[PDB]
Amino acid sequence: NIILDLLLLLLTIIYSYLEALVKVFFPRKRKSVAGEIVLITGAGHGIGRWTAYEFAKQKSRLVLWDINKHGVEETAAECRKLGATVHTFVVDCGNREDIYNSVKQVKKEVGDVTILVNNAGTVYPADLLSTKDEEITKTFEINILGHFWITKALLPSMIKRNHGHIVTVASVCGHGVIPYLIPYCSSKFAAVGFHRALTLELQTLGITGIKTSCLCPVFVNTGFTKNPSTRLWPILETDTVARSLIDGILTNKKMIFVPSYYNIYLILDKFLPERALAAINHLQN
């Protein structure tokens, strides 16, 4: 396993260098998001909090949602320090009725959301037979079902004006799988599927102004899960993931992997049947 470990380091180094080379040779155009009404769910901590900071620097109008009232007020105070106008609401993003009532409030107090970042997430790591049925339902209610209710509530206005951006925060767990996270991986696959089907349906209907982005990071140091011993993937910092997300949104990138070189592990999976799967699985344990 020494040879495959060093080979993958070089493949990672080659991809990371060639990406930065293409980023200078063929730069992608960056749109403006100043004055857009951006709703961010799960904005009281982690990826959502630092994504709100990126949108505050971008001069957007923010609408922050979370069940953690103290947390979302801490994010809002920093966004205001950054010069942004912020509105916070305590919303359970896995409760359909709470979402619809809160959208009525956002329309009355702020206006029509133009960028939706479905970031709120939940996880209860455990093997399948050690999970609680309530936790499995909670995982689907927040990680995918809530994406349907928020998107359904906010899409009508975006379609009317032919202008919007729906961002789905999924995970590399929506493309690949990790043991002890069966319900979580299943809901993250569901999140990727929703992003892909929504993207295709907007093209089929002739709706050219509504963009879609899907954020798929590896483990991020937010406290979301206990720290692992992952030698191949990096233990990302929150600010780095929020920077990758804002860059992807401004550039209309449909699938944003963090780190971007994760796409090689995905390409290797579709061309690997099947004894070489376990060899790379033990290089990260």
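Sequential numbering from 1, following the sequence displayed.
Higher average CA B factor: 199-207, of the stretches 199-207 and 186-194. The stretch 28-36 shows the higher mean C-alpha B-factor when 28-36 is compared against 43-51 in the entry. Remark: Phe224 belongs to the middle third of its chain, ranked by C-alpha B-factor as recorded. Per-chain ranking of the deposited C-alpha B factor places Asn252 in the middle third.
Among the modelled residues of the chain, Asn68 sits in the lowest third by CA temperature factor in this PDB entry. Ranked by Cα temperature factor within the chain, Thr238 sits in the highest third according to the deposited record. Ranked within its chain, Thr230 lands in the highest third, by CA B factor from the PDB record.
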